[PDB]
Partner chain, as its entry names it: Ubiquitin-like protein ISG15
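First, one chain by itself: the form deposited without its partner chain, in structure tokens.
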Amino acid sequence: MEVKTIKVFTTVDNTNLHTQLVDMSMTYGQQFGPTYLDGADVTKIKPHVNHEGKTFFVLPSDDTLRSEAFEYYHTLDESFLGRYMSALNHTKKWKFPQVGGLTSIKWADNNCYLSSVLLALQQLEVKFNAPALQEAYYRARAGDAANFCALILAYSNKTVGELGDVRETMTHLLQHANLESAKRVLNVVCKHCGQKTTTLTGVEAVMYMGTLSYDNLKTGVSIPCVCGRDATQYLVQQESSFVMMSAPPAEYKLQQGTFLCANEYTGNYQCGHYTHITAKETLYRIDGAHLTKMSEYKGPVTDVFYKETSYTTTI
């Protein structure tokens, strides 16, 4: 005969708050659907008096929340908020030490691929379209990356603990970056057939699988011609702030003054592990919270990043 309530706020973006009166005799789940407090799932709990005035994250369940979720995350999937919160409940527990002047991630839950992605991004000029990513990234660069890591996992449909691949993760993450002005032009030349250019834009303009060497794209890559002879594919225009060269792991030597940063993959499956290498006053090998300085590195490199502004040949 009496409904006892506490006033709380619900939100999907942490800026637009919606006042709610929650009945203390019912769970949060019964009233709001899946609910989270500071990332912890409180769906099955009934309101505590001390929850008064606190802000809870909920799934976008009405027009207003859906619009707020889209504007902030650029997502239409209602479950996104749940997967983000689920991941954040874990990543908020991770440690993000400064290692060699960069924000790294202390090893946990097979997060070494995420640590490599984060280390590389900090060294590139890149900006994201979604406010949520932009903001989370600003924080990660400063040394606080729990939110950024959870968003990466949520956007890529991977869970904490799941094995990851740097190239695949970067690909999915760069699809959320503003690469509108990224452009690559290749010229394929055959002694007998002639020449033809291929233009690529966006993510495809900055990534390449097959060789770790940016110089190799410039010198030319052998390719089969429709006729049957061997043609040469040359990079003739590259307009981007960086390029990422990838290849299946194989012994490769990284030398100072020739690249921006890179990562190597040692082992397979349960023993597979990534470490990052960056070029500073000397080479730095960043392995989670561990730093090793060396004049050169030879190991199973799988991705190498290079800085760029504009590269063009006569064609």
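Rigid core (definition): largest C-alpha set, two forms, superposition within 1.5 Å. Positions refer to the first chain, counted from 1.
Undergrad: Quick check on the record: does 268-276 or 282-290 carry the larger mean Cα temperature factor?
TA: Comparing averages over the C-alpha atoms only gives 268-276.
Undergrad: Once you work out the mean C-alpha B-factor for both 226-234 and 176-184 from the entry, which is higher?
TA: Averaging CA B-factors over each stretch, the winner is 226-234.
Undergrad: Pick out which of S156, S213, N111, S240 has the highest C-alpha B-factor in the PDB entry.
TA: Reading the PDB entry, the winner on C-alpha B-factor is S156.
Undergrad: Can you tell me which of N263, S61, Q30, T55 has the maximum CA B-factor listed in the PDB entry?
TA: The record points to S61.
Undergrad: Splitting the chain's C-alpha B-factors into thirds, which one does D41 fall into?
TA: Within its chain, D41 is a lowest-third residue by C-alpha B-factor, going by the deposited values.
Undergrad: Would you mind ranking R66 by its C-alpha B-factor against the rest of the chain and naming the third, lowest, middle or highest?
TA: Its C-alpha B-factor, which the entry lists for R66, ranks in the middle third among residues of this chain.
Undergrad: Among all modelled residues of this chain, ranked by Cα B factor, put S246 in the bottom, middle or top third, i.e. lowest, middle or highest.
TA: Tercile = lowest for this residue's CA B-factor.
Undergrad: Among the chain's modelled residues, which third holds the C-alpha B-factor of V3?
TA: According to the entry, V3 has a C-alpha B-factor in the chain's highest third.
Undergrad: Going by the entry, which third of its chain does the Cα temperature factor of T35 land in?
TA: Lowest third of the chain for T35's C-alpha B-factor.
Below, we turn to the form deposited with its partner chain bound, even though it does not appear here.
Undergrad: Quick one: find which of 272-280, 61-69, 25-33, 47-55 has residues within 4.5 Å of its partner chain in the deposited complex by heavy atom distance.
TA: Of the options given, it is 272-280.
Undergrad: Thinking of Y113, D165 and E168 as one candidate spot, does its partner chain come within 4.5 Å of a heavy atom in every one of them in the deposited complex?
TA: Judged in the deposited complex, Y113, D165 and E168 all sit within 4.5 Å of its partner chain.
Undergrad: Is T10 close enough to touch its partner chain in the deposited complex, meaning at least one heavy atom pair within 4.5 Å?
TA: Close contact is absent here: in the deposited complex, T10 is far from its partner chain, nothing within 4.5 Å, heavy atoms only.
Undergrad: Would you please decide whether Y265 lies within 4.5 angstroms of its partner chain in the deposited complex, comparing each non-hydrogen atom pair?
TA: Taking the distances in the deposited complex, the answer for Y265 is yes, it comes within 4.5 Å of its partner chain.
Undergrad: Would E135 count as touching its partner chain in the deposited complex under a 4.5 Å heavy atom rule?
TA: Result no; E135 lies far from its partner chain in the deposited complex.
Undergrad: Quick one: is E239 in contact with its partner chain in the deposited complex, heavy atoms, 4.5 Å cut-off?
TA: No - in the deposited complex, heavy atoms of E239 and its partner chain never come within 4.5 Å of each other.
Undergrad: Which pick from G194, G143, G101, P224 sits with a heavy atom within 4.5 Å of its partner chain in the deposited complex?
TA: Only one option qualifies, and that one is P224.
Undergrad: Using the core for the fit, does the CA position of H273 change by 2 Å or more between this form and the one not shown?
TA: It does not, since the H273 C-alpha is displaced less than 2 Å between this form and the one not shown after the core fit.
Undergrad: When the rigid core is used for the superposition, does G101 move between this form and the one not shown (threshold: C-alpha shift of 2 Å or more)?
TA: No; that C-alpha moves by less than 2 Å between this form and the one not shown.
Undergrad: After a rigid core superposition, would you say the CA of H192 moves by 2 angstroms or more between this form and the one not shown, or not?
TA: It does, since the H192 C-alpha is displaced 2 Å or more between this form and the one not shown after the core fit.
Undergrad: Report the direction of the Cα distance change between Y269 and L212 in the deposited complex, compared with the displayed form, as closer or farther; the change is 3 Å or more.
TA: Nearer in the deposited complex, by 3 Å or more.
Undergrad: Since the CA distance of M207 and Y269 differs by 3 Å or more in the deposited complex, is it closer or farther than in the form displayed?
TA: Closer in the deposited complex, by 3 Å or more.
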